[PDB]
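What follows is a short report on a single structure.
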Amino acid sequence: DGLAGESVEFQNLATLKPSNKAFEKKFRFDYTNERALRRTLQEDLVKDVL
Amino acid sequence: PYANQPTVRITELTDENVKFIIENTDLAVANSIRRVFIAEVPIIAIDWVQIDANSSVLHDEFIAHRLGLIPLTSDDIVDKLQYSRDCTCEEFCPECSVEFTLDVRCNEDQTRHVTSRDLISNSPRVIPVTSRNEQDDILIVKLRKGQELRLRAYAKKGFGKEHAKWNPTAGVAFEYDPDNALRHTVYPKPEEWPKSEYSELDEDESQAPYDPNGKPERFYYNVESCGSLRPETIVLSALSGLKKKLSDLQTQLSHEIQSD
Amino acid sequence: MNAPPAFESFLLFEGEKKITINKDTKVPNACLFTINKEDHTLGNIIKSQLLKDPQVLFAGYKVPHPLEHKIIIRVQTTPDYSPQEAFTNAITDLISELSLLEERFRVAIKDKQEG
Amino acid sequence: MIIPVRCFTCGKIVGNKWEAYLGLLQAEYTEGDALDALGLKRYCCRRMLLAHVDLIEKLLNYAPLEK
Amino acid sequence: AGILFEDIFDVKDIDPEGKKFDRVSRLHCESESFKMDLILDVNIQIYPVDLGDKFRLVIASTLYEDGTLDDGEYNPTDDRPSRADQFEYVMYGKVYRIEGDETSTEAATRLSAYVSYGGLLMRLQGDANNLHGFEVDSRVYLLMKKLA
Ligand SMILES: [Zn+2]
Ligand SMILES: [Zn+2]
């Protein structure tokens, strides 16, 4: 990998273990639920994404 | 913003010890006083030895070590003598030292004990504590028939911070908060701990109730003397010496401030 | 071999200053007092008397290394006051306390010796 | 070898107490009562007398080099 | 006025899991008015509290009676009027968590504000309208006084 050993650390791969349903639920951006967008993004972003 | 007004109550006073209570002072002052009793009250002790003959079984540094530990009566003379650093003489003079000689030969089939009585001084107010007019004399060495010890010594002013031979105390008892009202110590099982002699608790109570407002304000001392100084002279010398250290510091501080 | 002479704990070397004052630059009204050939005996009393002064905002001391023979005292004051003035006043208060304790001990001894 | 002049821990003189200690163990004091008669109230001073070994008495069995 | 939350609480329990620390004890309390639930670690050595004690709790953004920010630096010589003089026990801490029952599509009806007072923890939870003054990483003062 070309890396020095002192500068690396333990991390978890978030996509390896989840089921297909949990993977989709966690990682697929839902651009269709307007109220969830309105709770997560400011208005001009919700208008653009929709 | 200002000084304490401490109070003193002497509860026992003997030739060997003084027991007293200081009240309305700070713990730091009480501890620095305790420290000065040990480290910074000056007395006279043998610090230079020359051996002319030593046929004893103990080597010369052993004899000299033992002589250095013999306590010498210091009371009014040690305030008069200079330190050898401050004195103007080339090496020794009556203004900064007391001369001693010892000369013992065993000529008998009985073992000769050589003692602090065989030390002879040139100054009649600076003598070994055991030689003052009971407690026996300090044993220096034992001589077999035909063995000899002959030496000359000078005693110098010094204080226990330089060497323990100049410590005048034989133990400093110090205590505060005898019933653990301040909880500075915390006992896991208070019922196991024996009462202080200064306790005011009844025998069914292991420690006083916690005082959230108190701080150390009463201190119990037992200052025991090795005999070179009277116990009260240990205390008064310590208070004078600590006051002098502070005055010297203020003189240097005021020069430093004027230099800035 | 490398034993220091025991008097080096309390005698100044030639040209050694007893006390040096430096400004603490990182906060106002603050000084470091470096005192040579002194120990906990003076540091702890000076620090504790300074904490009795309501115009002192910080007082602390350290022995930087127990084989060295110097103490650092840090003081900070309110801006109407001075850490040099606090340190001088503290020493004056201690001297007065010890003079009063000395006189009262002489009296207690005299009373104990003759009822 | 010979009794220390001072208690190592507190500086009390004990170098004048050894011959008295021996002269109390003769006359059948217990070592405790002998130490208490000598005023050795702290265990650090008692340790000095109770644990001493007077080997100088053995060293004095050898004749000196010079008469 | 800088006050974030004020209510009167009744001590319903003390150290229910047992005594975890000797000088600190965990109160469990309920509001009378706003029906808040309070968990609070208290230095009971200096300020002892008994089961069924009633006390007034103020959480404030500043001790000054006038609106004025706190630099968080200990000045004991500050002589400005301070609400601490109306109270018996005062702590200083920061908000480290705000949990709630919010969903993807709905705002929270209930909130849970967590504060650390140098490691003495507090959780105040109840209807969200009472807790809108709390913001994470804000410094806050707890002021507490027993009621007869
Ligand atoms: Zn001289
Ligand atoms: Zn001892």
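Just so we're on the same page: first chain in the structure tokens is A, next is B, and so on; residues restart at 1 for each chain, and ligands are numbered from 1 in the order they show up.
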Around ligand 1, out to 9 Å and counting only C-alpha atoms and all ligand atoms, which residues are there? I want them as a PyMOL selection string.
chain B and resi 81-97
Residues of the last selection are to be written out with N, CA and C atoms, as a PDB file, in the first residue's frame.
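The resulting file, part-v3.pdb, is reproduced below:
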```
ATOM      1  N   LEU B  81      29.926  32.484  69.195  1.00  0.00           N
ATOM      2  CA  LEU B  81      30.915  32.045  68.222  1.00  0.00           C
ATOM      3  C   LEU B  81      30.511  32.370  66.794  1.00  0.00           C
ATOM      4  N   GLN B  82      31.505  32.751  66.002  1.00  0.00           N
ATOM      5  CA  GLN B  82      31.374  32.921  64.569  1.00  0.00           C
ATOM      6  C   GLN B  82      31.397  31.565  63.877  1.00  0.00           C
ATOM      7  N   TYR B  83      30.811  31.512  62.686  1.00  0.00           N
ATOM      8  CA  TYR B  83      31.187  30.471  61.747  1.00  0.00           C
ATOM      9  C   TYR B  83      32.599  30.699  61.224  1.00  0.00           C
ATOM     10  N   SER B  84      33.296  29.590  60.969  1.00  0.00           N
ATOM     11  CA  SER B  84      34.663  29.637  60.466  1.00  0.00           C
ATOM     12  C   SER B  84      34.760  30.314  59.110  1.00  0.00           C
ATOM     13  N   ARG B  85      33.648  30.418  58.389  1.00  0.00           N
ATOM     14  CA  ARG B  85      33.627  31.163  57.138  1.00  0.00           C
ATOM     15  C   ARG B  85      33.642  32.661  57.388  1.00  0.00           C
ATOM     16  N   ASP B  86      32.966  33.104  58.440  1.00  0.00           N
ATOM     17  CA  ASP B  86      32.896  34.516  58.771  1.00  0.00           C
ATOM     18  C   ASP B  86      34.088  34.985  59.588  1.00  0.00           C
ATOM     19  N   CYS B  87      34.741  34.080  60.304  1.00  0.00           N
ATOM     20  CA  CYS B  87      35.861  34.450  61.150  1.00  0.00           C
ATOM     21  C   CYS B  87      37.095  34.797  60.327  1.00  0.00           C
ATOM     22  N   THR B  88      37.907  35.698  60.876  1.00  0.00           N
ATOM     23  CA  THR B  88      39.078  36.263  60.216  1.00  0.00           C
ATOM     24  C   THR B  88      40.356  35.453  60.398  1.00  0.00           C
ATOM     25  N   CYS B  89      40.387  34.497  61.321  1.00  0.00           N
ATOM     26  CA  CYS B  89      41.596  33.724  61.563  1.00  0.00           C
ATOM     27  C   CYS B  89      41.953  32.847  60.370  1.00  0.00           C
ATOM     28  N   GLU B  90      43.197  32.370  60.376  1.00  0.00           N
ATOM     29  CA  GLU B  90      43.683  31.532  59.288  1.00  0.00           C
ATOM     30  C   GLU B  90      43.041  30.150  59.318  1.00  0.00           C
ATOM     31  N   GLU B  91      42.832  29.589  60.510  1.00  0.00           N
ATOM     32  CA  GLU B  91      42.210  28.277  60.638  1.00  0.00           C
ATOM     33  C   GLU B  91      41.319  28.191  61.869  1.00  0.00           C
ATOM     34  N   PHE B  92      41.901  28.354  63.053  1.00  0.00           N
ATOM     35  CA  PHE B  92      41.174  28.174  64.296  1.00  0.00           C
ATOM     36  C   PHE B  92      41.555  29.271  65.274  1.00  0.00           C
ATOM     37  N   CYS B  93      40.578  29.677  66.073  1.00  0.00           N
ATOM     38  CA  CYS B  93      40.791  30.598  67.176  1.00  0.00           C
ATOM     39  C   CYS B  93      39.639  30.433  68.151  1.00  0.00           C
ATOM     40  N   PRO B  94      39.775  30.943  69.375  1.00  0.00           N
ATOM     41  CA  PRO B  94      38.663  30.862  70.332  1.00  0.00           C
ATOM     42  C   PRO B  94      37.371  31.504  69.860  1.00  0.00           C
ATOM     43  N   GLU B  95      37.414  32.399  68.882  1.00  0.00           N
ATOM     44  CA  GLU B  95      36.206  33.049  68.395  1.00  0.00           C
ATOM     45  C   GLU B  95      35.379  32.186  67.453  1.00  0.00           C
ATOM     46  N   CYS B  96      35.898  31.047  66.988  1.00  0.00           N
ATOM     47  CA  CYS B  96      35.126  30.196  66.089  1.00  0.00           C
ATOM     48  C   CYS B  96      35.313  28.705  66.339  1.00  0.00           C
ATOM     49  N   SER B  97      36.006  28.302  67.396  1.00  0.00           N
ATOM     50  CA  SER B  97      36.166  26.882  67.656  1.00  0.00           C
ATOM     51  C   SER B  97      36.463  26.657  69.127  1.00  0.00           C
TER      52      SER B  97
END
```
Out of chain A, which residues get alpha helix (DSSP H) from DSSP, as an MDAnalysis selection string?
chainID A and resid 20:27 34:40 43:49
Residues up to 6 Å from ligand 2, counting only C-alpha atoms and all ligand atoms: could you list those as a list in words?
residues 7, 9, 10, 12, 42, 44 and 45 of chain D
Residue neighbourhood residue 190 of chain B, 10 Å, only C-alpha atoms, exclusion window fewer than 6 positions, as a ChimeraX atom specification
/B:180,205-207
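Excluding residue 61 of chain E and any residue on its chain fewer than 4 positions from it, the residues at most 8 Å away by only C-alpha atoms are residues 2, 3, 4, 69, 139, 140 and 141 of chain E.
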Could you please tell me, as an MDAnalysis selection string, which residues of chain E have an atom within 12 Å of chain A when using only C-alpha atoms?
chainID E and resid 102:108
Determine which residues of chain B sit within 6 Å of chain D, taking into account only C-alpha atoms, and present them as a list in words.
residues 136, 137, 138, 139, 146, 170 and 171 of chain B
Quote the spacing between atom CA of residue 16 of chain E and atom CA of residue 47 of chain E in Å to one decimal place.
18.9 Å
